[PDB]
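What follows is calculated from the coordinates using simple rules that are stated; it is not laboratory data. When we count neighbours, we look across all protein chains shown, and the Cβ atoms used for this are built from the backbone with ideal geometry, even at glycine.
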Amino acid sequence: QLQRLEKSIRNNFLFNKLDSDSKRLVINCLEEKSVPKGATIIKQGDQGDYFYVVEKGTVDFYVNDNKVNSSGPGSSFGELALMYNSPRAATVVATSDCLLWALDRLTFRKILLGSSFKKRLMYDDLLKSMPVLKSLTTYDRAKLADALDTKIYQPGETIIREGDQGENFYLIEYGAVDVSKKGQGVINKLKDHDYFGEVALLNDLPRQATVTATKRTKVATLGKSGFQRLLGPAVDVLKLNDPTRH
Ligand SMILES: Nc1ncnc2c1ncn2[C@@H]1O[C@@H]2COP(=O)(O)O[C@H]2[C@H]1O
Ligand SMILES: Nc1ncnc2c1ncn2[C@@H]1O[C@@H]2COP(=O)(O)O[C@H]2[C@H]1O
């Protein structure tokens with residue numbers, strides 16, 4: 001029917017949110033696929049063909065044959081392979097028999113990456129290129145991206161001040177910054193693909209130094225709650241690099 005569809009959409013965060021042009025342009029395209037309990041829907045490593053939204057049924061998610069996740073009706077999956085052109089990041093096994101609505105790679109790139117996952121698209125180069133972020137899987141980079149805001153600082157602007165409360169952690173997209181400490185002047189300098197602002201957040205301390213743009217500098221910024229959950233791999237390197245130690 002066309003009522004099951006208009007309900008699919010009204011209840012999906014990605015879709016209820018598109019303009020009726022994208023919205024029309026997506027109910028037209030959804031193909032439905034039934035699947036028996038015990039069928040693999042997508043295999044880890046495979047090329048990404050489709051995006052799925054679960055009408056009825058339940059799935060289990062396996063990363064290297066561990067099992068990591070679980071979803072029911074309303075939930076969607078298969079979006080990372082298509083937005084990024086990477087292999088499948090997880091195997092998705094059917095846990096009870098299911099009816100899935102499928103968007104082909106082409107329409108996904110047409111409507112949904114354009115608009116639902118805009119952020120993931122924009123930060124993808126930063127996140128793939130930052131050294132401290134190398135251990136992150138595409139699923140991780142995606143969750144991290146959703147949480148980032150962008151700020152541009154100009155020459156001579158203060159980004160953070162020694163002694164302040166910290167709230168954000170910072171990833172330099174391009175630019176140049178000086179780190180300074182009263183009594184000591186400039187003690188370090190950062191640039192594209194450096195990060196700063198973890199010491200306050202890792203240790204619950206005030207900011208331990210002032211950071212000042214010396215060129216036009218674009219950062220992505222991540223709040224404390226996100227720093228606590230979205231950097232899982234990278235977090236051990238941040239504690240290991242932490243200048244509050246020798
Ligand atoms: N822990 C996880 N790691 C990787 N992918 C996951 C995880 N949990 C759920 N997924 C979803 O499972 C899908 C497997 O295929 P994709 O990489 O295209 O998109 C993936 C996500 O949409
Ligand atoms: N030698 C250093 N001492 C203090 N902070 C530094 C140093 N080098 C780089 N920084 C960065 O400057 C940041 C200032 O705020 P935070 O203390 O939150 O986190 C600090 C580090 O990320």
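Under the rule of -39500 (n - 2.57) per DSSP H run of 4 or more residues, summed and divided by the residues of the chain, what mean residue ellipticity at 222 nm is obtained, to the nearest 500 deg cm²/dmol?
Taking each H run of at least 4 residues, the total per residue is -6500 deg cm²/dmol.
Compute the FRET efficiency between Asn85 and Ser225 as 1/(1 + (r/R0)^6), taking r as their Cβ-Cβ distance and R0 = 45 Å, and round to the nearest 0.05.
Numbers: r = 30 Å, r/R0 = 0.67.
E(calc), rounded to 0.05, equals 0.90.
Can you pull a Stokes-Einstein diffusion coefficient for segment 30-170 at 4 °C (1.567 mPa s), Rh from Kirkwood over Cα pairs, as a whole number of µm²/s?
76 µm²/s
Kindly state, to the nearest 0.05, the FRET efficiency for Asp46 paired with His246, given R0 = 51 Å and r defined as their beta-carbon distance.
Values: r = 47 Å, r/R0 = 0.92.
Here the calculated transfer efficiency is 0.65.
If N is the number of residues in segment 1-113, what value comes out of its Cα radius of gyration divided by 2.2 N^0.38 Å?
In units of the globular-protein estimate, segment 1-113 measures up at 1.02.
Quick check on segment 114-246: what are the equivalent-ellipsoid semi-axes from the Cα gyration tensor, as sqrt(5λ), descending, whole Å? Show your work: numbers first, answer last.
Numbers: eigenvalues 116, 60, 31 Å².
Semi-axes from the Cα gyration tensor: 24, 17, 13 Å.
For the chain, build the convex hull from the C-alpha positions and give me its volume per residue in Å³. Show your work: numbers first, answer last.
Numbers: hull volume 33.3 nm³, N = 246.
Hull volume over Cα atoms, normalised by residue count, gives 135 Å³.
Report the full-extension gain for the segment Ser34 to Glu6: residue separation times 0.36 nm, less the Cα-Cα distance, to one decimal in nm.
Extra length available between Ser34 and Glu6 comes to 8.2 nm.
First select every other residue whose beta carbon is under 10 angstrom from the beta carbon of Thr91; then total the charges, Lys and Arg +1, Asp and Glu -1.
0
Let's test the formula: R0 of 22 Å, r as the Cβ-Cβ distance of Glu167 and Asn188. What FRET efficiency results, to the nearest 0.05?
In this case the efficiency is close to 0.55.
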